[PDB]
Every structure is written in structure tokens, then in C-alpha cells.
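A.B. asks: There's a structure below that I have some questions on.
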Amino acid sequence: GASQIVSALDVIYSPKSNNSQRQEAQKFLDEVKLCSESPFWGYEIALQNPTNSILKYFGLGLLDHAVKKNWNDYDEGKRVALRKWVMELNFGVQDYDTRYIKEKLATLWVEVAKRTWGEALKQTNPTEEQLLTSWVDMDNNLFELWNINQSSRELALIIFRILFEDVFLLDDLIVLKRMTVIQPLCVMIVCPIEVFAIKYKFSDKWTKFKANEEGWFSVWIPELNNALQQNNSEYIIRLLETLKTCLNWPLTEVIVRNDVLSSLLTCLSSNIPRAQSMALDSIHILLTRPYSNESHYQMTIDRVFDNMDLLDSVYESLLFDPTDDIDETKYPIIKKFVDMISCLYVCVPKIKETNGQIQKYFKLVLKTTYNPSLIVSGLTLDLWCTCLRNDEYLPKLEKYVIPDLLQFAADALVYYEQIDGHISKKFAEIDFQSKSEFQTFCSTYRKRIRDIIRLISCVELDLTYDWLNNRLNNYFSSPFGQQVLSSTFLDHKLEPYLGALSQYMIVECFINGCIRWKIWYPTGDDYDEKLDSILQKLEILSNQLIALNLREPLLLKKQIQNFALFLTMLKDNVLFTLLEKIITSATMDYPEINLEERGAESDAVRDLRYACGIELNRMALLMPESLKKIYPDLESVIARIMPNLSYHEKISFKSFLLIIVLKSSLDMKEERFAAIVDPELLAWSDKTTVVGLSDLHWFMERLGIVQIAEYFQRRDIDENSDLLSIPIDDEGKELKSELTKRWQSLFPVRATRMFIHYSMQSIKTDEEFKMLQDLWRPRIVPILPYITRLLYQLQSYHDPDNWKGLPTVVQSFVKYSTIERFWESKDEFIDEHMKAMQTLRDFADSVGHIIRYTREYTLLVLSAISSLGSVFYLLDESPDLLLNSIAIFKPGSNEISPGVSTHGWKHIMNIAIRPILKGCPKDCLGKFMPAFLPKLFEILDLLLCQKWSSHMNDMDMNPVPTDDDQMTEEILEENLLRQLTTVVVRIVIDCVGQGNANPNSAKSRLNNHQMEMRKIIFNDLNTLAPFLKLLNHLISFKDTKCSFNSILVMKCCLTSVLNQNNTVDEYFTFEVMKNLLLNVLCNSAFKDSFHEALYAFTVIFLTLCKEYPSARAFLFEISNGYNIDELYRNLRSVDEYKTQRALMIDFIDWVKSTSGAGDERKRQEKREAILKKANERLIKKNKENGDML
């Protein structure tokens, strides 16, 4: 019997065992694991050997394994015997028992209860026999265990914690099968009898499961208070551990009666760190729990606000000096406190002011926001953003809360990433595991500070303007800011430039906040008087800023970018001065430095010129009417600078001129439009380009790869020689400059995109749209085939097989050109300047950069052409030309455009396909969709199947946060593939429509596009079959968000495809349902999307099985002998889906079981992680409200 197990365990742990004995024993004990008498042996060994910790743990593990796998087929006698064994084992807990053995005993107790407790409730008058089988004495036995020993009391607390965690937080399959019985019992045990009867459906049979009528909250709370009086730290920790899980779900009446909030506040003041964190989490849970007794909600909020002074003292104790090192013992407590304080802003309006409770609370938030750590400071920024936006809170925080917050935000609007001495880096190195993650969080924090400053400027415009003028005047008069005013170039990573950039950022935020004042302020008679005065102040500020005469390129860039914001209010008052300043800024020369060189300081001038051009374009786009007055003068002035502003600014200025021609109301619109667009678009119709566009060798020659071979031969470069360690000759620089200059002129892709986009940007009325279509029709139509040919050639460039005929010397160069370097800027602080030119490897890198630039611009050109509308969606060439160029098919195999990385596909999906699909007009959907949707869906499905198949079983479910060891190409490729899958899921969502979560309604808000697209897709099987094939793969693919969204989309589309055609049901019978049940429902890694997938599978099974008897044989074959026919008749008896969920869960459990050392730590870690995730979901209730795309 158990003697063999004892001998094997002694052998496996004997020091004389070695490899010989542990094979002898470990195999033997694993055999005992599957034996029928395993639970009896495990119970026997644990009771007989209490001193041996590991041996008793092994017996308890055997008993747990027996109750988790062999429990299903056990009869009533075996079940009751196992329950009695667990009961006896738990009651024998003594002092010498360790902590984890008590946890195992608690888990054993809970597992038995979940499968037996309350089973007799479903039958009216269950008599005495069912009561014994249903464990009617669960509460009484727990009460008996409560007063046996202190260790017994701790075991009871752990049992309660584990039971309440599984039922209400983890929501496992066993609880989900019997939720409607388990949850009322859980409410019963804690709440008193008289409280339960009023709220619930309490009957005579229910009261038999309760031991004490007072409830359990009448025992824990006095115990917690008594422990607080005696300062027993260890007991308080366990009591709070139980309370933090038991305080969410139960009724509010018992919580109010027992004064749990008072006990939590009392234990908050204690010196125990862990107890403070537990109390804070419990209070935060209590604040955000649902309240069906809003009258009871008043005292809970009032109690916290009345103790606002005590909360401040707690934060003061938690604060620590980070100069030496952080204190990880209490640092998370600070974050929890900050989150709990930030949550409280919702209940502010429902507080009666008696002792400045609201005033005290807002001061506490302001003090919290001053925390040196970035995370806790940013946790309260969303509070100020929401609080300032609402007009109700303004009179409350108007007193000495606004100026301090504004000053703090202005002082904190700095670049934390680059400054070395900032204290935030110490917290960054512990809270953020990646430099890129810290940079992204810093950018988000700076954006939120921007929003705060804008809101402050809008709310308190007079005071904010006065303070800003006082600060700006003082800063430039300081002996530290005058360096900027008297310097040409400055270090873009040092303090003197950063401070001035921050000041200009603050000025930009203030100006942006003045625009919102136009809408926020009411339209009363004072609107005209106030607005006139503000415009004078803005004009004075603009004149003062201009008079500074800045010269630093990047700072002048920021000042020029600020000019567009000024024009919104000043309008014609300042337009002439701004136009004069911008024009001379781009033309301004820098004789001290030659602009031909690609130095870091030289790139600033180019960036400033680009910004000036784009700002001129935006200024023209804003309003052309006043620009028409000086149109001849502007034309002459700009033509005077034609030979000097290079090609880029030439295109920018031509586009600027084109805006005035179209948007304004001058004469000869056609002639002026043709005078500018035609010279730039002429290169598209070149005879040499047209003929050579179909030949890849001509494309290579024009790119200059063959010309590079001559340079390599002259330099005597070998193909096998490494290109990373070869210096660049001065001839190479000239060759690169010549090639990049000729390439842009050969394909005027940039000019076409800007021209079309700005011509079709602001289209007032409807007659203007018709005229503009007639203008672009003779031009775009003969050029679209050439654009598609160029895109196809560029896509075929990435193919390794294409360049086989190229010279062998430049083969390695071309291979190095194709790789997308290491790809994973909207804030003005980050500066990159795209490095410099050092080695021959960078020559391949820059050629690839040119290739990707051309591809991105041709995608933008295609999107802009799609923005035209009828002229592009009507011709029969467009549906076929676009798809042929996007994806190519080699004569052999089925690879879709071999040689292009995932990132390129992600961009060509998110740049061209999205606007083309979304931009189709209602009248044009009937002609473009039938010739475009099927091939596109087939291409997407095949590509997604191919890309994911390379490493199908080689990831984890959730993305892994990258770090210093995680720039491995596998991780980056995985992230890019996930992003591409998300992009195609968004494509499907925008195309057809996504459903809601388990809470159902009358479908989603399918406004206008989705109705038209659903009619085309669903009524055409030729388009429906590829779409259904694509959708199945999306669900089958291993990802969290994409699978959930695909399942929701399938549920939305489930009720309109299941009976239209016979062929559709054939695919559903064999492919969709089999994949859903076997690869999603059966798989244990899809727990996040289990509920929606289960519901979709149920809806599929119900309708399909009704009319297809042949499907039942398939289900019988898949499920391995399950009575499918019995399932159909059993389910049809109950109309409610909630009852059928238990039946489907039981059916799935059969399929999973039939098709089914470090394990202990792995399961424990997984349970801890999912418990933490559930706690976060509960805490952020009404803020998260689920996650979708």
C-alpha cells in the first residue's frame, strides 16, 4: 500500500540515490499517480506523517490530482468519502504546519466545495439524501473550524480567500457552470438572514445552508478591530487579505452596518507597510464597486472626505528621499495611494462643504502631483484634464489651485529623457524595463501637460496671459536665455536650447487654449467686448515674439509653426507680417556653413526650410481670399526665387500657389491650374519611362545599382568581402548625391501626392467638387497604369530571385539594401537627423531608405487618387491594376510577393487599402466591390496563413515587453506580424461591422458604409467564400485582441450567412466549427476570448444542426463518441442561452479530456498573474469597460 510510496519518496530524496535510483523511483510514483487507490494512499500518508512536510505535501498533491481529474467518474460514495477525508485532513492542522501546506489544504477544501456545494438547490424539496450529497453543512463546518486553533483560524481565512477568489475573480469553468447557485450561497454566508431575504429570493430550503444568522462579516470586522487594538501585525495581514477579496460583491447593507470603512481607515494609520497597501487597495475597490443602494453610497463617500486630513498624513509617511536609492518596500503603496486619490474626483460634486473637505482634497492632489516619480505624477494628470474640462468644478478649484497647477505644469514641461541629473531616471530604471517604453511614456506625459496648459489657458485666459507674459519677459532677460538670442547654431541636446524650446512650447499651448475660449465662453453680449480685448493682447504677444529676432534654425522652426496658430484669431490683422517673415526665413542664407554637406548642424536648415514650406501651404489652405489681392506680387516674388530654393521647396511653393488658384475666386482657374500641374506631371508620361517601366533591368539601371558595380570594380571590392568595414571615398558621396537627385525627378511621386491632397483638402459646396473632378480626370487616368507599374516594379525589387541576373559583386550590396534595418516622431524634443554617411554598408541602407520612401509616397499617391472618388472608382482598370501591383504571384509556388518584410506589408495595408476601402462612395460600391473584394480577401487570407505558418507554435499568447536582450529579430518580426494582423482585423471591422460583447443589444451602430458593404458581401457567394475563409484564419490565429475582435465580427455576421446558400453551410460544417471547437475552445491559451467564442459556437451548432443531419456525424466523429443528437434535444427544451452555457461547458470538457517539479511554480505564478489582472480590471471598473480595437 502506502509503504511502497513511502519507500519511493525516501529513495528519490536519499543522497545516495544518484541517477540510478531517481529513474527507479520517479517512474514508480508517476505510476501511482494514475492508480485508482491514489486518493486513499494520499489521505493515509498525510495523516500518518504530519511532521514530514514534503511527504505530507506529496500526499496532498496526490489527493488534489485525484479530485481534479478522476472526480468526474466518481460515484456518490467515492465523492462523500473524499469529502470526509479532506474534512478530516483540514481539521488536523497544527502549529508545525508550514504556510504553503496550509494553502494546499485550503485549495483541497475549496475544490471539493465548488463541485458539491449547493447541488441540491436546483431541485425543489431535495429531502435529506440530497442535502448530505450537496454538503449542506459547509457553513457550519467552517464555523466549527474557525474556533479550533489560531492556525485553524488562519486556515479558515485562507479557505475563505481562495473560495471568494475563484467564484468572483477568476471565473473558472466549474464556477461558470453553477454560477446561479454558487453566487447566491456566497452572498448567503456573509450577509445576515434578514438582509438576504429582502434583496433575494430566499426560501425555506435555502436557510438550511446557513449556520449563524448574523453572518460572517459580524465576526471578521470585530476580529480586525480587536487585532488593531492589540497591534497584532500578522493577524491583520491575513484579515486584510481576506477582506480585499470579500469586500467587492456582497450587499452594501452589511458593509454599512459593520462600519468596514472605519476599520479600514483605522488600520490605515498603522505602521505596517503591507497592511497599509492592503487597506488602500480595499478602499479603492470599495469606492468603485457597483451601488444599487445610492442612499448607502452617501456615507461611504462622506466618511472618506471627512477624513481627508488623515489621508494627507498617510501620504507624508509614505514619502521617501530618492537621492540615495528608492524604497521598493513602500513604493507600490505610493502608486496605490495616488490611484485611489485620483479615483475620488468623480464624487466631488456630491459633497457638502462644511470644513473645506473639497478644498483640502484638491490640495492633496496638487501635493501628490509634485511627486518626483513620473508614473505617480502622471496618474493624476488625467484627473486635472477631466476636471478642468468640466465647467462645474471651476468655481471650486478657482481659489489657489489653478496658478499652482499652471506653474507646476510649465516647470515640468521639459525633456526628461535627455537630462542626466533628473531624478525621474531612477524611477524609470525600476518601473520601465525598456528605454523606448520610457521615451513613449515621457512623450505621453508631455502631451498631457500640453493639454493641461491649454485647458488652464482657456479657463483663466486673463491670468494665464499675464503670468505667461511675466515669465517670458523675465526668461529672455535672464543671463541664461540671452545666449539663444545671440547664437546661430546651438547644441540640440543641451540646456540653453531646451529651455527656449520649452518656453515656445508653453506659448504654443497658450495660443491653442485661446482658440477653445471662442467656443467655451457663452454667446452673451459680453462675447464681443471680451474677444476684442483678447485679440489685442494676442497681437501684442506675437509682435513681441517676432521682435526677439531669433536665428537658431530649429527654434525658428518652432516660431514659424506657431504662426499658423496665431492666424486663427488675428486673421487679416497679422497675415501680411507673418507671410513676409516666413518667405524671407526660407530664403535666408547661412554663409557660415555649406548646405551641400550632410552634417548634423546643416540638416537644421533643411528642416527649417521644409517647415516653412509646409507652413506656407497650411496658411494658404486656411483662407485664400485675402491672398488673392496680392496674387501677382506673390507670384512674381516666388518666381524670383525659383532657381535657388531647390526641388523640394519648389514643389512646396508650387503647391502653395495651386491652393490660391483653386480655393479662392480668381479668374482663369483652368489655365492657371494647367500652367503649374502639367510641367510637374510631364515626367509620368515620358516615352522612355513608359517603355522601361515594364522591364526590371531598366528599373535597376535607373536606380543605379549597375552604376554602383562600376564604382566597386574601380575600388576593387569583392563580393565575399565584408561591406561593413570599408571606408567611403569622396566619389561615392558625389555618386549618391547624383543618384538621389535624378531618382526624385524621374518619378515625380511627391508632387502628385501633395497636389492631389491639397486640391481635394477643403471642398466647399458641391459644384466645386464636380469642377475639380473634371480637372483631374484627363491627368490621373492615363497616369494610374504607370503608377501601378512603378509600384509593382518596386514590390518585385525586394524579391531575391529577381536580381539573380545582376552582377555578383553588388549582390551582397542589394541584399543589405533590402533589410528594413531595425524598425519597431510627433513630439518636437526628439532629434534624429538620420545619422551620417560613414561606410559602404550605409550606402546599401540609404538605397533601401530611398526605396521605402518611394514606396510610401506612391501609396500616398494611390490614397490621394482614391480621394478623388468617381473618376477612380468607376473605370474597370482600377480594381485589377491596384491588386496586381500590390501582390505578385510567381509562376511557381504560392508566395505572395516574396522578399518584402512584414513592416512593408503593414504600411501598404494601413496607408493605401484603408482609405481606398473606406473612401468608396455609396453610388460606386456596386461596381468596385465585386471586382475588388474577392481577390483582395483571397490575397489577405493567403498572406496571413503563410506568414503565421513559419513559426505557428513558436510564440506566447501575450506580447513580451522588449528590453536590452529583446532586439532579436524574432521578437521584432513577431511584433510586426501582430501589428499586421491587427491592421487586417481593423480592415475587416471597417468593411463589415463588429458586434458587441456578451451583453447583447440590437446590433452595433452600423451607420451607412456597413449596410451597403454587407449587402454586397453576403448576397454574393463569390465574395462571401473568400471572406469566410479569411475570418476563420483570424480566429484560429494565436493572438489576444485579434482573436477576440474576429470572434465578435463573426458573431455579428453569424445570423445572416447561415441559411442563404448551401455551399456556405458546407464550409461552416467542416472548417469554421471544427476550427472553433478544436483550436480555440479546446485550446487553453484562449481563455480571454472564451465566452464570445463559446456563444458563437453555440449559435453555429443550434441552427446548422437543425437542417443538416450529415453534420451530426461530423460532430460525433470530432467529439469522439459524444451524444450529439442528445445535445440537440436537451438544449431545445430550454430557450434561455444562460442554461445552455452549462451544457456546452460540459460538452467541451469531454472534448478537452478526450483529446488531451516546475509545474507547481508555473501554475502558482499563472494564478497570481490572472488574479492581479482581475484585480486591476475590478479597480478600473467604468474606466476600462472592456478592451476592443
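In the C-alpha cells, chains take the letters A, B, ... in the order shown, each chain's residues start at 1, and ligands count up from 1 in the order shown.
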DSSP says helix (DSSP H, G or I) for which residues of region 245-286 of chain A? Put them as a PyMOL selection string?
C.D. replies: chain A and resi 245-246+252-258+260-268+273-286
A.B. asks: Find the residues around residue 784 (chain A) up to 12 Å (only C-alpha atoms counted), leave out those fewer than 5 positions away in its own chain, and share them as a VMD selection string.
C.D. replies: chain A and resid 681 684 to 685 690 749 752 776 to 779 789 to 791 858 to 859 861 to 866 871 to 872 875 877 to 882 885
A.B. asks: Can you pull out every residue within 6 Å of region 844-850 of chain A, counting only C-alpha atoms, but drop anything in the same chain fewer than 2 positions away, and send it as a PyMOL selection string?
C.D. replies: chain A and resi 813+816-818+841-842+852-853
A.B. asks: Give me, as a list in words, all polymer residues having an atom no more than 8 Å from residue 159 (chain A), counting only C-alpha atoms and skipping those fewer than 5 positions away in the same chain.
C.D. replies: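 My list of contacting residues is residues 103, 106, 107, 109 and 110 of chain A.
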A.B. asks: Would you save the residues of that selection, restricted to C-alpha atoms, as a PDB file, in the first residue's frame?
C.D. replies:
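Saved the output as part_15.pdb:
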ATOM      1  CA  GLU A 103      -2.528  26.778   1.199  1.00  0.00           C
ATOM      2  CA  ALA A 106      -7.294  25.227   1.582  1.00  0.00           C
ATOM      3  CA  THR A 107      -7.170  24.507  -2.154  1.00  0.00           C
ATOM      4  CA  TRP A 109     -11.165  22.163   0.641  1.00  0.00           C
ATOM      5  CA  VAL A 110     -12.254  24.689  -1.997  1.00  0.00           C
TER       6      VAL A 110
END
A.B. asks: Compile the contact shell of residue 622 (chain A) as a ChimeraX atom specification: residues with an atom at most 9 Å away, counting only C-alpha atoms, same-chain residues fewer than 6 positions apart removed.
C.D. replies: /A:564,567-568
A.B. asks: Residues within 12 Å of residue 868 (chain A), please, as a list in words. Count only C-alpha atoms; anything in the same chain fewer than 6 positions from it doesn't count.
C.D. replies: residues 753, 755, 756, 757, 758, 759, 760, 761, 763, 769, 770, 771, 772, 773, 774, 775, 776, 777, 780, 781, 861, 862, 874, 915, 916, 919, 920 and 921 of chain A
A.B. asks: Given only C-alpha atoms as the basis, pick out the residue of A:829, A:788, A:51, A:7 nearest to residue 94 (chain A).
C.D. replies: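 Among A:829, A:788, A:51, A:7, it is A:51 that comes nearest to residue 94 (chain A).
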A.B. asks: Could you work out how far CA of residue 431 (chain A) lies from CA of residue 973 (chain A), giving the answer in Å with one decimal?
C.D. replies: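 Atom-to-atom, CA of residue 973 (chain A) to CA of residue 431 (chain A), that is 25.6 Å.
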A.B. asks: Report, in Å to a single decimal, how far apart CA of residue 495 (chain A) and CA of residue 481 (chain A) are.
C.D. replies: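 Interatomic distance here is 9.9 Å.
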A.B. asks: Find, counting only C-alpha atoms, the residue in A:672, A:208, A:68, A:1106 that gets nearest to residue 1128 (chain A).
C.D. replies: A:1106
A.B. asks: For residue 425 (chain A), which residue out of A:42, A:372, A:1156, A:222 is the nearest one, using only C-alpha atoms?
C.D. replies: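 Going through A:42, A:372, A:1156, A:222 one by one, the smallest distance to residue 425 (chain A) is for A:372.
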A.B. asks: Would you mind reading off the distance between CA of residue 660 (chain A) and CA of residue 624 (chain A), one decimal, in Å?
C.D. replies: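 If I compute the distance from CA of residue 660 (chain A) to CA of residue 624 (chain A), I get 5.4 Å.
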A.B. asks: Which of these, A:76, A:167, A:173, A:315, has the shortest distance to residue 133 (chain A) once you count only C-alpha atoms?
C.D. replies: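 Checking each candidate against residue 133 (chain A), we get A:76 as the closest.
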A.B. asks: Measuring atom to atom with only C-alpha atoms, identify which of A:578, A:506, A:541, A:456 is nearest to residue 412 (chain A).
C.D. replies: A:506
